[PDB]
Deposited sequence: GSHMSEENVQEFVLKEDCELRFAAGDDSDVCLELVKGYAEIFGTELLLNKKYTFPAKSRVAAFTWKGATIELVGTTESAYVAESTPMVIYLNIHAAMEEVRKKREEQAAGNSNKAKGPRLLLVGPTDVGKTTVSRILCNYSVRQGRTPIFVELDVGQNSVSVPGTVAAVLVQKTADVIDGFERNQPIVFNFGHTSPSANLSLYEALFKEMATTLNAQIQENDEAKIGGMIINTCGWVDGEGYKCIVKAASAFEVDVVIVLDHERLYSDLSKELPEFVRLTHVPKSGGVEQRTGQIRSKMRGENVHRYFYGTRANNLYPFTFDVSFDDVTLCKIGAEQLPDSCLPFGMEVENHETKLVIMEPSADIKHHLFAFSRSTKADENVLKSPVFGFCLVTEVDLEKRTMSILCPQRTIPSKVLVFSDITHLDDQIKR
């Protein structure tokens, strides 16, 4: 509402706060310098964070910050691993220059691993932002099909980062490369998951041959939290497929010891602690968040609204298929509420499995007698006649 809280942050402190369950909180930096997960704050700009937001504003040299509205929590932390996360960037940049002097230059590729809720996504964000602030253009690769910060759930995705994340909305989602996995966990089909990220690595390697800035920018790769059992071998295959030269393990000493013995000796492995400000989720909140991600795909944000179309499509004008080999689907009541991917492949081939997607639509109604379905779509006509099933559902 109207009530105010003021905070003085010494050097190397962060204001950690969570917005209430019900209302916005607005942050304003009123003296000094501060950043939120790597993005510089502008002085006296009012940043409106929505309900449930969890945020840290960090300062290297000292800051004073005002928060307007109700907070569930808000305190200043005097100890962070931020210098750790900064020295990782410094080290990547050092590799970049040496490899520039050695010459086109191939930038460092970094894999972030660790269990759930250790601040992995936040750390990728910081590292991407610090690369941009250095003048570089890194590729952010997102292998977490549950909580994906680039596309919808059930995807493996990658974007070229050319600007710092917006403090509220995250990175711009401009022309991502997107593969439809179709499930919220790799365990649903681990062999397909591994095939998809291998196809992702192969595609990116050939893409960067046509863009030197992207090539030297390198890659920051976020993984999911499945580190045990089969998840472990999956980490090793990802390290190999993407030819990473740095693995950052967050808050897992056994995983660190195991990887140190297994990875090629040329790979640098760094164990770092999680921040004390990382919030543990539950399954319910994770589900809630997947739904909000899908909504954002179609409708956008408060800052940048997207205006999707709803229209009807004849069963005759599209072919529905499902992976798991390809199988063709006869449109039924059960496709209702499901996301489908518009495949870049021209027919319902073997090639559907290997192909990135144009984008997604949501099947909102199924008229079996009229033989038409209603879809929510980011564009006015379908970009492809090959629609690939995702097990992710969304009530809108």
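Trainee: Identify which parts of the deposited sequence carry no C-alpha coordinates, going from the N-terminal end onward.
Mentor: No C-alpha coordinates exist for 1 to 5, 109 to 113, 335 to 354, 427 to 431.
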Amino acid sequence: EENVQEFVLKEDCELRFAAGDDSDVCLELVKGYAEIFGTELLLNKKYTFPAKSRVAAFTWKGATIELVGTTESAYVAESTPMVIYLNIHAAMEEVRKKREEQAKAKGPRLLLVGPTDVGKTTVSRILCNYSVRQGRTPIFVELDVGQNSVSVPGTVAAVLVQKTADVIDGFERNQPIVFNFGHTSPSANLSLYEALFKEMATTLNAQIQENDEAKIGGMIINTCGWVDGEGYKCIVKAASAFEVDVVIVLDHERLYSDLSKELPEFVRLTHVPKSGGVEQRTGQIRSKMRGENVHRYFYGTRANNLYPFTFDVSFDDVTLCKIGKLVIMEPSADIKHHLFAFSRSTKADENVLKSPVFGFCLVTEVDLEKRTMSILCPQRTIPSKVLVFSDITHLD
From here on, numbers count along this sequence of modelled residues.
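Trainee: Look up the CA B-factors in the entry and say which stretch, 344 to 352 or 55 to 63, has the higher mean.
Mentor: It is 344 to 352.
Trainee: Using the B-factors recorded in the PDB entry, average over the C-alpha atoms of 67 to 75 and of 133 to 141, then report which stretch comes out higher.
Mentor: If you average the C-alpha B-factors of 67 to 75 and of 133 to 141, the larger mean comes out for 67 to 75.
Trainee: Just grab whichever of 236, 160, 103, 246 has the top CA B-factor as deposited.
Mentor: Answer for 236, 160, 103, 246: 103, with the highest C-alpha B-factor.
Trainee: Would you mind checking which of 117, 210, 194, 253 has the top Cα temperature factor in the PDB entry?
Mentor: Going by the entry's C-alpha B-factors, 210 comes out highest.
Trainee: State the tercile, meaning the lowest, middle or highest third, of residue 218 with respect to the CA B-factors recorded for its chain.
Mentor: Its C-alpha B-factor, which the entry lists for residue 218, ranks in the lowest third among residues of this chain.
Trainee: Consider only the C-alpha atoms of the modelled residues in this chain, order them by B-factor as the entry records it, and name the third containing residue 50: lowest, middle or highest.
Mentor: For residue 50, the deposited C-alpha B-factor lands in the highest third.
Trainee: Would you check the entry's CA temperature factor for residue 359 and let me know if it's in the chain's lowest, middle or highest third?
Mentor: CA B-factor rank for residue 359: middle third.
Trainee: Taking the chain's C-alpha temperature factors as the reference, tell me which third residue 315 falls into: lowest, middle or highest.
Mentor: Highest third.
Trainee: Sorting by Cα B-factor within the chain, modelled residues only, which third would residue 305 end up in: lowest, middle or highest?
Mentor: It falls in the top third of the chain.
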